[PDB]
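For reference, the structure is listed below as structure tokens.
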Amino acid sequence: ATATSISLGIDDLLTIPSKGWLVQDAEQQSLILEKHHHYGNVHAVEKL
Amino acid sequence: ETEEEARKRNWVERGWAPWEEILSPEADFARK
């Protein structure tokens, strides 16, 4: 465990590549539903 | 009272009136 050695930097915290799309798509549905919630399409419980 | 005089109370006193609502097809589906 010494000769090989290990350490924690900043680029070793490797976020999975697809997070860029999943979070963006999750935001879109939260934007659309919160925009229709002001139109009366859905009620408070459905938004929650 | 029953819904023949209590409904009458809303109209004569509180100005109630069943104005029609123009619901969009997305909002129409929600109510039905």
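Labels for the structure tokens follow display order: chains A, B, ..., residues from 1 in each chain, ligands from 1.
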Sel. of helix (DSSP H, G or I) residues, chain B, as a ChimeraX atom specification: /B:6-12,25-31
Test item: chain A residues at most 12 Å from chain B, counting only C-alpha atoms, as a PyMOL selection string: chain A and resi 36-43+46
Between CA of residue 45 (chain A) and CA of residue 30 (chain A) - distance in Å to one decimal: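 The value is 14.2 Å.
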